[PDB]
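To begin, one chain is listed below as structure tokens, in the form deposited in one PDB entry.
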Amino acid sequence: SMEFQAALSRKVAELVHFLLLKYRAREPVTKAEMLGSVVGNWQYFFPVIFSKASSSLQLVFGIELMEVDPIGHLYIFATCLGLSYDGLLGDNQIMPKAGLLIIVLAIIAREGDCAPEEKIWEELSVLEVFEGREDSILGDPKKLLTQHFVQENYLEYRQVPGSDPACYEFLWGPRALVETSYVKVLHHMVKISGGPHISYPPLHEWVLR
């Protein structure tokens, strides 16, 4: 189970890397090409592998794999919510950033007009992508990442008006307001997570015994 699941997950990660390379080249991709990457044995597991990889693309990277030919199984890529930014730099092997941008936008939209930076830090600190490197000499990578988002005008960062000592908050920047909307971001979050839960357990009913 644990070994077999490790090997299966390795195949998933290989397909994710292959699809990311296709995305960088702005090349379409077929099921047949993907089976030309799922080497040997694991052909039988293509439905699950594919289904995981696609999911990863949406959730981690903010990239949507879209079937344009159901018969030939031809796929193209789009950035989630149509954003004009994916955080890439030429052909350098760095991670697309649109998923994390959308997560931050969603936290802000959940809170209202703005969100204290502490809420952003708390929410981002639970994501495994930061792999315990908060203590980097250069600076906490999640905060430098939000700096990326502020410099691209998707976010605005400002002092909370009238705070002493100074406190700071994030709002949607002009580019975020032009390219998307509160309803589209919140809908995307509800869609790609599945309907949420955390329902309270039966501590709301009385046994009347």
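Only residues modelled in both forms are compared. Numbers for residues come from their place in the sequence shown, where the first is 1. By rigid core we mean the largest C-alpha set that fits within 1.5 Å across both forms.
Stretches compared: 18-26, 190-198. Higher mean C-alpha B-factor in the entry: 190-198. Averaged over their C-alpha atoms, the temperature factors of 43-51 and 169-177 are higher for 43-51. In the deposited coordinates, the residue among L59, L35, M66, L144 with the greatest CA B-factor is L35. The entry lists a Cα temperature factor for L100 that places it in the lowest third of the chain's modelled residues.
The deposited CA B-factor of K31 belongs to the highest third of values across its chain. When the CA B factors of the chain's modelled residues are split into thirds, the value for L81 lands in the lowest one. When the CA B factors of the chain's modelled residues are split into thirds, the value for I94 lands in the lowest one. Compared with the other modelled residues of the chain, the Cα B-factor recorded for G72 ranks in the highest third.
Just so it is clear, the following notes concern the form deposited in another entry, a form of the same protein that is not shown.
Put simply, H197 and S55 come closer in that other deposited form: their C-alpha atoms are 3 Å or more nearer than in the form shown. Between the C-alpha atoms of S199 and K52, a gap narrowed by no less than 3 Å is obtained in that other deposited form, as opposed to the form on display. Listed alone, the shifted run between the shown form and the other one is 194-209, counting only residues present in both forms whose C-alphas move 2 Å or more over at least three consecutive positions once the core is aligned.
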